[PDB]
Amino acid sequence: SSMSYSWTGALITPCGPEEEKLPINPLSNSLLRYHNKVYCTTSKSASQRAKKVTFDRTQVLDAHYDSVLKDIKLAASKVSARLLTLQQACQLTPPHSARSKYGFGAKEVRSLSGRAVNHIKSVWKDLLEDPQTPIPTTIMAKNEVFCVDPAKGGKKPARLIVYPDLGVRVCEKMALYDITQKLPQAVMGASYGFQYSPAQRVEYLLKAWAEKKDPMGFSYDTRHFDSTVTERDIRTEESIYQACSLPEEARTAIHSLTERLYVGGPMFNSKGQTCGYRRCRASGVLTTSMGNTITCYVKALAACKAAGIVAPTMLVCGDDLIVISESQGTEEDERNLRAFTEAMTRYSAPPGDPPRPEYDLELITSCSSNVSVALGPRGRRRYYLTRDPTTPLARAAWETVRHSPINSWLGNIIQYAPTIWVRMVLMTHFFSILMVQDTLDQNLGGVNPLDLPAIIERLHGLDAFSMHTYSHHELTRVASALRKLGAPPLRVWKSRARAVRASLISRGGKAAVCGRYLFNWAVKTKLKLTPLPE
RNA sequence: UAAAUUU
RNA sequence: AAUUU
Ligand SMILES: Nc1ncnc2c1ncn2[C@@H]1O[C@H](COP(=O)(O)OP(=O)(O)O)[C@@H](O)[C@H]1O
Ligand SMILES: [Cl-]
Ligand SMILES: [Mn+2]
Ligand SMILES: [Mn+2]
Ligand SMILES: [Mn+2]
């Protein structure tokens with residue numbers, strides 16, 4: 001039936017100028033050598049992304065879908081949700097949010113300026129009065145950094161982002177913010193991934209795995225998910241929203257947003273031209289995550305049922321899914337996954353790479369990450385979350401006139417502190433740099449470098465400073481990512497770490513704590529690291 | 001562009 | 001601010 005997009009042929013223009021790397025990268029030329037491999041997806045590539053996602057969708061539902069959908073609405077009705085005052089919605093707008101066409105931006109919205117509030121007041125009136133006129137959207141190319149991969153095509157084309165004007169974004173929030181906070185967890189219970197921290201995620205997977213007599217695991221992702229979402233899916237999304245108890249004023253707003261925005265509309269490029277028309281998810285609306293998550297969950301739970309997956313325990317985050325079940329033998333397990341995938345394909349969520357049963361927790365990747373294992377200070381197995389370092393390292397070497405990557409280093413150091421690639425590579429580089437520019441006591445992204453051991457202890461446990469004997473997969477992948485980017489191998493970082501450590505300790509104070517906890521892996525004279533007041 | 005998590 | 005989808 002429905003084509004995901006149609007195109008006037010106008011270009012998908014850039015929303016500003018897209019910075020180029022420079023002939024010297026002074027922050028990262030010590031980190032890695034292959035700067036030619038680090039690139040930023042650009043709007044020039046936007047039309048290739050368009051070709052890849054423009055396609056025809058035929059959806060065939062069935063008893064299993066209908067059944068799961070039914071049960072999900074009974075869940076929805078145990079939910080009470082309120083409108084949000086125009087003001088409360090204004091103040092949830094992020095500080096840099098793209099300004100409105102109508103001559104005001106996010107400063108004004110967040111400070112409740114009167115031109116902003118009056119405009120928004122009328123946009124909301126118009127949603128209540130008019131329940132069908134399509135609402136124009138702006139289409140744009142996302143700039144993200146990656147390492148080139150000649151195996152999978154060289155350079156990825158840019159993701160397409162599609163969004164309404166600021167005034168509309170606020171009204172979305174008035175109608176739906178409260179729902180986004182309550183509904184997903186109500187519908188999906190323990191399966192809703194975003195509710196968990198990373199360490200809860202790991203614990204959840206291990207409990208799931210442990211409780212099977214004979215576990216089997218797999219993951220699924222949908223190829224161009226936003227494109228695979230149909231009008232009917234979006235309307236089914238509405239009817240799930242409507243199954244809650246809601247002010248009538250909300251229902252009309254939901255219904256109107258659904259029909260005027262969510263199921264489709266005209267798209268304008270950044271220079272004002274009509275660009276095309278859209279009959280799938282616009283990634284950029286408030287309901288993107290919740291919508292994706294819920295809809296993925298319906299299809300997936302139905303597909304599980306269509307396929308005989310026994311005692312499934314799910315984790316869903318957007319279009320990213322993990323299922324851990326009772327193996328029915330591998331011959332059956334293969335047949336059932338073939339079936340799972342056929343069902344998802346009938347429901348219009350076809351796979352990027354078709355899935356595969358696995359019987360070892362390390363081999364299951366989802367949300368670009370997986371669980372691994374190492375040994376802790378007393379010899380006990382310590383399970384933790386990790387990922388291929390390729391992208392984080394690439395992003396670590398993105399330096400331009402506008403952008404510095406030091407924040408990226410820190411963010412990864414915190415999130416992935418127990419991994420061998422953060423400990424040996426990023427930490428060493430990060431500290432090495434700040435020491436030399438003598439900027440340790442400074443505050444990056446509202447964090448102080450000198451607080452890290454505390455921060456990491458709070459978050460990952462003290463075992464993060466004493467883990468050893470990392471896995472073959474993980475050693476191989478790290479080694480291999482450093483070779484791919486022209487970074488020193490691990491033995492060299494061992495050396496640089498000793499040096500950094502020594503210099504940090506001689507500095508004394510917090511510095512020295514940093515040096516003793518964060519780099520104990522680097523010495524043979526391993527210390528007895530004790531818990532930290534802070 | 002939106003959300004979640006971490007901070 | 002970081003990361004993810
Ligand atoms: N930067 C982003 N902004 C908004 N939505 C996003 C973003 N990245 C991913 N998503 C949403 O989640 C969906 C699944 O993401 P992913 O599997 O990572 O890519 P794909 O679109 O190729 O399936 C996307 O289609 C999109 O709707
Ligand atoms: Cl231990
Ligand atoms: Mn996907
Ligand atoms: Mn309706
Ligand atoms: Mn995905």
# chains A, B, ... in the order shown; residues from 1 in each chain; ligands from 1
>>> residues_around(residues="residue 5 (chain B)", least_positions_apart="5", cutoff="9 Å", atoms="only C-alpha atoms (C1' of nucleotides)", output="PDB file with N, CA and C atoms (P, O5', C5', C4', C3', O3' and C1' of nucleotides), in the first residue's frame")
ATOM      1  N   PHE A 194      14.627   1.707  28.849  1.00  0.00           N
ATOM      2  CA  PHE A 194      15.022   3.016  29.343  1.00  0.00           C
ATOM      3  C   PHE A 194      14.879   3.175  30.875  1.00  0.00           C
ATOM      4  N   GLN A 195      13.920   2.505  31.508  1.00  0.00           N
ATOM      5  CA  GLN A 195      13.805   2.542  32.992  1.00  0.00           C
ATOM      6  C   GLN A 195      15.070   2.128  33.745  1.00  0.00           C
ATOM      7  N   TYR A 196      15.896   1.275  33.152  1.00  0.00           N
ATOM      8  CA  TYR A 196      17.047   0.707  33.851  1.00  0.00           C
ATOM      9  C   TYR A 196      18.249   1.570  33.681  1.00  0.00           C
ATOM     10  N   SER A 197      19.107   1.512  34.687  1.00  0.00           N
ATOM     11  CA  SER A 197      20.490   1.974  34.594  1.00  0.00           C
ATOM     12  C   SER A 197      21.304   0.917  33.851  1.00  0.00           C
ATOM     13  N   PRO A 198      22.556   1.226  33.502  1.00  0.00           N
ATOM     14  CA  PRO A 198      23.355   0.206  32.814  1.00  0.00           C
ATOM     15  C   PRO A 198      23.669  -1.013  33.677  1.00  0.00           C
TER      16      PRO A 198
ATOM     17  P     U C   3      29.302  11.828  22.721  1.00  0.00           P
ATOM     18  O5'   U C   3      28.466  10.501  22.994  1.00  0.00           O
ATOM     19  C5'   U C   3      29.129   9.343  23.505  1.00  0.00           C
ATOM     20  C4'   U C   3      28.135   8.395  24.115  1.00  0.00           C
ATOM     21  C3'   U C   3      27.003   7.929  23.212  1.00  0.00           C
ATOM     22  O3'   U C   3      27.388   6.915  22.275  1.00  0.00           O
ATOM     23  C1'   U C   3      26.118   8.547  25.301  1.00  0.00           C
ATOM     24  P     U C   4      26.726   6.868  20.801  1.00  0.00           P
ATOM     25  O5'   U C   4      25.436   5.945  20.982  1.00  0.00           O
ATOM     26  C5'   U C   4      25.440   4.793  21.839  1.00  0.00           C
ATOM     27  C4'   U C   4      24.062   4.538  22.408  1.00  0.00           C
ATOM     28  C3'   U C   4      22.918   4.458  21.407  1.00  0.00           C
ATOM     29  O3'   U C   4      22.843   3.186  20.757  1.00  0.00           O
ATOM     30  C1'   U C   4      22.285   5.880  23.181  1.00  0.00           C
TER      31        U C   4
END
>>> residues_around(residues="residue 178 (chain A)", least_positions_apart="4", cutoff="9 Å", atoms="only C-alpha atoms (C1' of nucleotides)", output="list in words")
residues 81, 82, 83, 84, 173, 174, 182 and 183 of chain A
>>> write_last_selection(atoms="C-alpha atoms", output="compact mmCIF listing (two decimals), in the first residue's frame")
# COMPACT_ATOMS: atom_id res chain seq x y z
CA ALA A 81 -2.48 11.18 32.72
CA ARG A 82 -2.86 14.96 32.87
CA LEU A 83 -2.38 17.89 30.49
CA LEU A 84 0.65 20.06 31.07
CA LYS A 173 4.54 18.35 25.26
CA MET A 174 1.35 19.82 26.74
CA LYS A 182 3.78 6.82 32.56
CA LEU A 183 2.50 4.72 29.66
>>> select_by_dssp(residues="region 147-278 of chain A", states="strand (DSSP E or B)", output="PDB file with N, CA, C and O atoms, in the first residue's frame")
ATOM      1  N   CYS A 147      34.045   6.249  12.083  1.00  0.00           N
ATOM      2  CA  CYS A 147      35.209   5.741  11.422  1.00  0.00           C
ATOM      3  C   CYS A 147      34.767   5.114  10.092  1.00  0.00           C
ATOM      4  O   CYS A 147      33.793   4.373  10.085  1.00  0.00           O
ATOM      5  N   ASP A 149      34.242   2.539   7.159  1.00  0.00           N
ATOM      6  CA  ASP A 149      34.267   1.070   7.198  1.00  0.00           C
ATOM      7  C   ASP A 149      34.095   0.483   5.803  1.00  0.00           C
ATOM      8  O   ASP A 149      32.957   0.324   5.329  1.00  0.00           O
ATOM      9  N   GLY A 154      32.018   2.121   3.169  1.00  0.00           N
ATOM     10  CA  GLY A 154      32.843   3.334   3.298  1.00  0.00           C
ATOM     11  C   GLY A 154      32.245   4.328   4.288  1.00  0.00           C
ATOM     12  O   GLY A 154      32.418   4.174   5.500  1.00  0.00           O
ATOM     13  N   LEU A 160      18.100  11.099   8.562  1.00  0.00           N
ATOM     14  CA  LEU A 160      17.147  12.156   8.266  1.00  0.00           C
ATOM     15  C   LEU A 160      16.339  12.458   9.490  1.00  0.00           C
ATOM     16  O   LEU A 160      15.732  11.560  10.085  1.00  0.00           O
ATOM     17  N   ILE A 161      16.339  13.736   9.858  1.00  0.00           N
ATOM     18  CA  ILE A 161      15.589  14.218  10.998  1.00  0.00           C
ATOM     19  C   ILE A 161      14.464  15.105  10.481  1.00  0.00           C
ATOM     20  O   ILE A 161      14.680  15.947   9.616  1.00  0.00           O
ATOM     21  N   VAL A 162      13.273  14.920  11.037  1.00  0.00           N
ATOM     22  CA  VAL A 162      12.078  15.594  10.554  1.00  0.00           C
ATOM     23  C   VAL A 162      11.286  16.123  11.719  1.00  0.00           C
ATOM     24  O   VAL A 162      10.846  15.348  12.581  1.00  0.00           O
ATOM     25  N   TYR A 163      11.061  17.431  11.726  1.00  0.00           N
ATOM     26  CA  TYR A 163      10.454  18.052  12.890  1.00  0.00           C
ATOM     27  C   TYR A 163       9.617  19.325  12.602  1.00  0.00           C
ATOM     28  O   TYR A 163       9.923  20.088  11.684  1.00  0.00           O
ATOM     29  N   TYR A 192      10.651  -2.644  29.715  1.00  0.00           N
ATOM     30  CA  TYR A 192      10.915  -1.310  29.202  1.00  0.00           C
ATOM     31  C   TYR A 192      12.348  -0.937  29.554  1.00  0.00           C
ATOM     32  O   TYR A 192      12.704  -0.798  30.711  1.00  0.00           O
ATOM     33  N   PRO A 215      19.018 -21.649  28.556  1.00  0.00           N
ATOM     34  CA  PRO A 215      18.766 -20.362  27.923  1.00  0.00           C
ATOM     35  C   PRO A 215      19.174 -20.250  26.485  1.00  0.00           C
ATOM     36  O   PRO A 215      20.092 -20.905  26.053  1.00  0.00           O
ATOM     37  N   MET A 216      18.492 -19.380  25.758  1.00  0.00           N
ATOM     38  CA  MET A 216      18.806 -19.061  24.365  1.00  0.00           C
ATOM     39  C   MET A 216      18.514 -17.597  24.232  1.00  0.00           C
ATOM     40  O   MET A 216      17.470 -17.150  24.696  1.00  0.00           O
ATOM     41  N   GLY A 217      19.401 -16.849  23.594  1.00  0.00           N
ATOM     42  CA  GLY A 217      19.248 -15.407  23.534  1.00  0.00           C
ATOM     43  C   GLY A 217      19.326 -14.909  22.127  1.00  0.00           C
ATOM     44  O   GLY A 217      19.960 -15.524  21.298  1.00  0.00           O
ATOM     45  N   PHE A 218      18.673 -13.801  21.818  1.00  0.00           N
ATOM     46  CA  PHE A 218      18.981 -13.126  20.558  1.00  0.00           C
ATOM     47  C   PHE A 218      18.605 -11.651  20.619  1.00  0.00           C
ATOM     48  O   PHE A 218      17.949 -11.197  21.555  1.00  0.00           O
ATOM     49  N   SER A 219      19.046 -10.907  19.629  1.00  0.00           N
ATOM     50  CA  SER A 219      18.694  -9.516  19.505  1.00  0.00           C
ATOM     51  C   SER A 219      18.154  -9.222  18.096  1.00  0.00           C
ATOM     52  O   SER A 219      18.381  -9.975  17.151  1.00  0.00           O
ATOM     53  N   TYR A 220      17.420  -8.121  17.986  1.00  0.00           N
ATOM     54  CA  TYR A 220      16.781  -7.718  16.739  1.00  0.00           C
ATOM     55  C   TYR A 220      16.876  -6.213  16.680  1.00  0.00           C
ATOM     56  O   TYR A 220      16.899  -5.550  17.721  1.00  0.00           O
ATOM     57  N   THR A 222      15.565  -3.034  13.589  1.00  0.00           N
ATOM     58  CA  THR A 222      14.787  -2.908  12.371  1.00  0.00           C
ATOM     59  C   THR A 222      15.540  -1.966  11.470  1.00  0.00           C
ATOM     60  O   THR A 222      16.147  -1.002  11.917  1.00  0.00           O
ATOM     61  N   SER A 245      -6.996   7.279  30.892  1.00  0.00           N
ATOM     62  CA  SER A 245      -7.968   8.296  31.292  1.00  0.00           C
ATOM     63  C   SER A 245      -7.292   9.663  31.088  1.00  0.00           C
ATOM     64  O   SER A 245      -6.178   9.904  31.591  1.00  0.00           O
ATOM     65  N   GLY A 265       2.899  14.199   6.408  1.00  0.00           N
ATOM     66  CA  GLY A 265       2.830  15.606   6.060  1.00  0.00           C
ATOM     67  C   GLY A 265       3.890  16.075   5.062  1.00  0.00           C
ATOM     68  O   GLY A 265       4.783  15.322   4.654  1.00  0.00           O
ATOM     69  N   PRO A 266       3.794  17.341   4.663  1.00  0.00           N
ATOM     70  CA  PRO A 266       4.775  17.909   3.773  1.00  0.00           C
ATOM     71  C   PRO A 266       6.061  18.272   4.493  1.00  0.00           C
ATOM     72  O   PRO A 266       6.051  18.691   5.655  1.00  0.00           O
ATOM     73  N   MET A 267       7.153  18.171   3.765  1.00  0.00           N
ATOM     74  CA  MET A 267       8.448  18.394   4.333  1.00  0.00           C
ATOM     75  C   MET A 267       9.094  19.517   3.595  1.00  0.00           C
ATOM     76  O   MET A 267       9.081  19.537   2.375  1.00  0.00           O
ATOM     77  N   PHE A 268       9.690  20.431   4.342  1.00  0.00           N
ATOM     78  CA  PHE A 268      10.393  21.541   3.755  1.00  0.00           C
ATOM     79  C   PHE A 268      11.855  21.440   4.083  1.00  0.00           C
ATOM     80  O   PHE A 268      12.211  21.036   5.184  1.00  0.00           O
ATOM     81  N   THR A 274       9.472  23.129  -0.782  1.00  0.00           N
ATOM     82  CA  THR A 274       8.787  21.862  -0.576  1.00  0.00           C
ATOM     83  C   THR A 274       9.735  20.755  -0.986  1.00  0.00           C
ATOM     84  O   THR A 274      10.316  20.780  -2.059  1.00  0.00           O
ATOM     85  N   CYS A 275       9.894  19.780  -0.114  1.00  0.00           N
ATOM     86  CA  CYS A 275      10.926  18.782  -0.277  1.00  0.00           C
ATOM     87  C   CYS A 275      10.354  17.420  -0.584  1.00  0.00           C
ATOM     88  O   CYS A 275      10.953  16.639  -1.325  1.00  0.00           O
ATOM     89  N   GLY A 276       9.198  17.119  -0.003  1.00  0.00           N
ATOM     90  CA  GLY A 276       8.598  15.822  -0.208  1.00  0.00           C
ATOM     91  C   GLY A 276       7.465  15.669   0.748  1.00  0.00           C
ATOM     92  O   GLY A 276       7.071  16.629   1.380  1.00  0.00           O
ATOM     93  N   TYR A 277       6.938  14.465   0.848  1.00  0.00           N
ATOM     94  CA  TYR A 277       5.808  14.198   1.715  1.00  0.00           C
ATOM     95  C   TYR A 277       6.097  12.852   2.358  1.00  0.00           C
ATOM     96  O   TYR A 277       6.773  12.015   1.777  1.00  0.00           O
ATOM     97  N   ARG A 278       5.533  12.649   3.537  1.00  0.00           N
ATOM     98  CA  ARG A 278       5.974  11.671   4.476  1.00  0.00           C
ATOM     99  C   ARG A 278       4.800  10.865   4.976  1.00  0.00           C
ATOM    100  O   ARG A 278       3.800  11.438   5.389  1.00  0.00           O
TER     101      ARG A 278
END
>>> residues_around(residues="residue 204 (chain A)", least_positions_apart="5", cutoff="12 Å", atoms="only C-alpha atoms (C1' of nucleotides)", output="list in words")
residues 190, 191, 192, 193, 195, 196, 197, 198, 199, 209, 210, 211, 313, 314, 315, 322, 323, 324, 371, 383 and 384 of chain A
>>> write_last_selection(atoms="N, CA and C atoms", output="mmCIF file, in the first residue's frame")
data_model
loop_
_atom_site.group_PDB
_atom_site.id
_atom_site.type_symbol
_atom_site.label_atom_id
_atom_site.label_comp_id
_atom_site.auth_asym_id
_atom_site.auth_seq_id
_atom_site.Cartn_x
_atom_site.Cartn_y
_atom_site.Cartn_z
ATOM 1 N N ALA A 190 8.610 -4.650 33.364
ATOM 2 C CA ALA A 190 10.043 -4.912 33.415
ATOM 3 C C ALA A 190 10.745 -4.870 32.015
ATOM 4 N N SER A 191 10.011 -5.101 30.925
ATOM 5 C CA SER A 191 10.597 -5.091 29.582
ATOM 6 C C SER A 191 11.037 -3.716 29.043
ATOM 7 N N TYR A 192 10.651 -2.644 29.715
ATOM 8 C CA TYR A 192 10.915 -1.310 29.202
ATOM 9 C C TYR A 192 12.348 -0.937 29.554
ATOM 10 N N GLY A 193 13.183 -0.806 28.539
ATOM 11 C CA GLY A 193 14.621 -0.709 28.755
ATOM 12 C C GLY A 193 15.099 0.588 29.370
ATOM 13 N N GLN A 195 13.920 2.505 31.508
ATOM 14 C CA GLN A 195 13.805 2.542 32.992
ATOM 15 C C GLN A 195 15.070 2.128 33.745
ATOM 16 N N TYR A 196 15.896 1.275 33.152
ATOM 17 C CA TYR A 196 17.047 0.707 33.851
ATOM 18 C C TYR A 196 18.249 1.570 33.681
ATOM 19 N N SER A 197 19.107 1.512 34.687
ATOM 20 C CA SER A 197 20.490 1.974 34.594
ATOM 21 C C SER A 197 21.304 0.917 33.851
ATOM 22 N N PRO A 198 22.556 1.226 33.502
ATOM 23 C CA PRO A 198 23.355 0.206 32.814
ATOM 24 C C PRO A 198 23.669 -1.013 33.677
ATOM 25 N N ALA A 199 23.757 -0.826 34.981
ATOM 26 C CA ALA A 199 24.131 -1.921 35.836
ATOM 27 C C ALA A 199 22.886 -2.709 36.170
ATOM 28 N N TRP A 209 18.852 -14.789 32.204
ATOM 29 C CA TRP A 209 19.627 -15.894 31.704
ATOM 30 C C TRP A 209 19.628 -17.018 32.718
ATOM 31 N N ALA A 210 19.865 -16.650 33.967
ATOM 32 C CA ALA A 210 19.970 -17.623 35.049
ATOM 33 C C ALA A 210 18.693 -18.406 35.265
ATOM 34 N N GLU A 211 17.551 -17.763 35.101
ATOM 35 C CA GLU A 211 16.316 -18.415 35.477
ATOM 36 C C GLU A 211 15.818 -19.428 34.435
ATOM 37 N N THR A 313 11.771 -13.500 27.893
ATOM 38 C CA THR A 313 11.994 -12.318 28.690
ATOM 39 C C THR A 313 12.604 -11.272 27.794
ATOM 40 N N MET A 314 11.954 -10.121 27.681
ATOM 41 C CA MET A 314 12.368 -9.096 26.741
ATOM 42 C C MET A 314 12.940 -7.876 27.401
ATOM 43 N N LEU A 315 13.788 -7.218 26.640
ATOM 44 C CA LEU A 315 14.235 -5.901 26.944
ATOM 45 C C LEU A 315 14.042 -5.151 25.665
ATOM 46 N N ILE A 322 16.045 -7.339 22.880
ATOM 47 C CA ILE A 322 16.750 -8.545 23.270
ATOM 48 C C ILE A 322 15.756 -9.518 23.822
ATOM 49 N N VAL A 323 15.809 -10.770 23.390
ATOM 50 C CA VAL A 323 14.934 -11.777 23.982
ATOM 51 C C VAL A 323 15.723 -12.943 24.501
ATOM 52 N N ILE A 324 15.429 -13.353 25.725
ATOM 53 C CA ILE A 324 16.076 -14.498 26.340
ATOM 54 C C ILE A 324 15.024 -15.533 26.716
ATOM 55 N N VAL A 371 27.222 -7.320 27.035
ATOM 56 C CA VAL A 371 27.732 -7.736 28.314
ATOM 57 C C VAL A 371 28.989 -8.544 28.128
ATOM 58 N N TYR A 383 30.655 -8.965 35.758
ATOM 59 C CA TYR A 383 29.996 -8.769 34.489
ATOM 60 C C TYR A 383 29.748 -7.266 34.329
ATOM 61 N N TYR A 384 29.870 -6.764 33.095
ATOM 62 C CA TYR A 384 29.846 -5.317 32.877
ATOM 63 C C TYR A 384 29.482 -5.057 31.436
#
>>> interface_residues(of="chain A", to="chain C", cutoff="7 Å", atoms="only C-alpha atoms (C1' of nucleotides)", output="number ranges by chain")
A: 317-318, 367, 407-408, 411-412, 445-446
>>> residues_near_ligand(ligand="ligand 5", cutoff="6 Å", atoms="only C-alpha atoms (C1' of nucleotides) and all ligand atoms", output="number ranges by chain")
A: 221, 319-320; C: 5
>>> write_last_selection(atoms="N, CA, C and O atoms (P, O5', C5', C4', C3', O3' and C1' of nucleotides)", output="PDB file, in the first residue's frame")
ATOM      1  N   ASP A 221      17.005  -5.705  15.469  1.00  0.00           N
ATOM      2  CA  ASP A 221      16.961  -4.283  15.160  1.00  0.00           C
ATOM      3  C   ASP A 221      16.251  -4.147  13.802  1.00  0.00           C
ATOM      4  O   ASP A 221      16.314  -5.048  12.950  1.00  0.00           O
ATOM      5  N   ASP A 319      13.777   0.627  18.734  1.00  0.00           N
ATOM      6  CA  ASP A 319      13.654  -0.536  17.813  1.00  0.00           C
ATOM      7  C   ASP A 319      14.630  -1.656  18.132  1.00  0.00           C
ATOM      8  O   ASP A 319      14.865  -2.510  17.303  1.00  0.00           O
ATOM      9  N   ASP A 320      15.173  -1.646  19.337  1.00  0.00           N
ATOM     10  CA  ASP A 320      16.292  -2.484  19.708  1.00  0.00           C
ATOM     11  C   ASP A 320      15.778  -3.383  20.798  1.00  0.00           C
ATOM     12  O   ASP A 320      15.205  -2.948  21.802  1.00  0.00           O
TER      13      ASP A 320
ATOM     14  P     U C   5      22.509   3.107  19.181  1.00  0.00           P
ATOM     15  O5'   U C   5      20.918   3.010  19.132  1.00  0.00           O
ATOM     16  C5'   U C   5      20.133   2.269  20.096  1.00  0.00           C
ATOM     17  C4'   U C   5      18.700   2.742  20.044  1.00  0.00           C
ATOM     18  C3'   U C   5      18.186   3.149  18.664  1.00  0.00           C
ATOM     19  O3'   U C   5      17.725   2.055  17.873  1.00  0.00           O
ATOM     20  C1'   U C   5      17.639   4.836  20.241  1.00  0.00           C
TER      21        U C   5
END
>>> residues_near_ligand(ligand="ligand 4", cutoff="8 Å", atoms="only C-alpha atoms (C1' of nucleotides) and all ligand atoms", output="PyMOL selection string")
chain A and resi 235+238-239+242+251-252+254-256+258
>>> closest_residue(among="A:328, A:469, A:228, A:372", to="ligand 3", atoms="only C-alpha atoms and all ligand atoms")
A:228
>>> residues_near_ligand(ligand="ligand 1", cutoff="10 Å", atoms="only C-alpha atoms (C1' of nucleotides) and all ligand atoms", output="VMD selection string")
(chain A and resid 49 52 to 53 141 to 144 159 to 163 220 to 229 280 to 289 291 to 293 296 317 to 320 349 to 352 366 to 368) or (chain B and resid 1 to 3) or (chain C and resid 4 to 5)
>>> closest_atom_pairs(of="chain A", to="ligand 2", cutoff="7 Å", atoms="only C-alpha atoms and all ligand atoms", output="tab-separated table")
residue	atom	partner	partner_atom_place_in_ligand_line	distance
A:375	CA	ligand 2	1 (Cl)	6.4
A:376	CA	ligand 2	1 (Cl)	3.8
A:377	CA	ligand 2	1 (Cl)	4.5
A:378	CA	ligand 2	1 (Cl)	3.5
A:379	CA	ligand 2	1 (Cl)	4.5
A:380	CA	ligand 2	1 (Cl)	3.9
A:381	CA	ligand 2	1 (Cl)	6.6
>>> residues_around(residues="residue 21 (chain A)", least_positions_apart="6", cutoff="8 Å", atoms="only C-alpha atoms (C1' of nucleotides)", output="ChimeraX atom specification")
/A:398-400
>>> select_by_dssp(residues="region 100-220 of chain A", states="helix (DSSP H, G or I)", output="number ranges by chain")
A: 106-110, 114-129, 150-152, 166-191, 193-195, 198-210
>>> residues_around(residues="residue 115 (chain A)", least_positions_apart="6", cutoff="12 Å", atoms="only C-alpha atoms (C1' of nucleotides)", output="ChimeraX atom specification")
/A:100,102-105,107-109,121-122,167
>>> write_last_selection(atoms="C-alpha atoms", output="mmCIF file, in the first residue's frame")
data_model
loop_
_atom_site.group_PDB
_atom_site.id
_atom_site.type_symbol
_atom_site.label_atom_id
_atom_site.label_comp_id
_atom_site.auth_asym_id
_atom_site.auth_seq_id
_atom_site.Cartn_x
_atom_site.Cartn_y
_atom_site.Cartn_z
ATOM 1 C CA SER A 100 10.661 29.219 15.728
ATOM 2 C CA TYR A 102 7.812 33.142 13.985
ATOM 3 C CA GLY A 103 10.740 35.222 15.380
ATOM 4 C CA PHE A 104 11.497 33.719 18.791
ATOM 5 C CA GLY A 105 13.709 30.927 20.148
ATOM 6 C CA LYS A 107 15.469 31.568 25.511
ATOM 7 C CA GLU A 108 12.036 33.236 25.112
ATOM 8 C CA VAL A 109 10.137 29.994 25.420
ATOM 9 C CA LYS A 121 -1.484 29.810 22.887
ATOM 10 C CA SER A 122 -2.830 30.155 19.338
ATOM 11 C CA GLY A 167 5.532 26.266 18.883
#
>>> closest_residue(among="A:89, A:46, A:321, A:306", to="ligand 3", atoms="only C-alpha atoms and all ligand atoms")
A:321
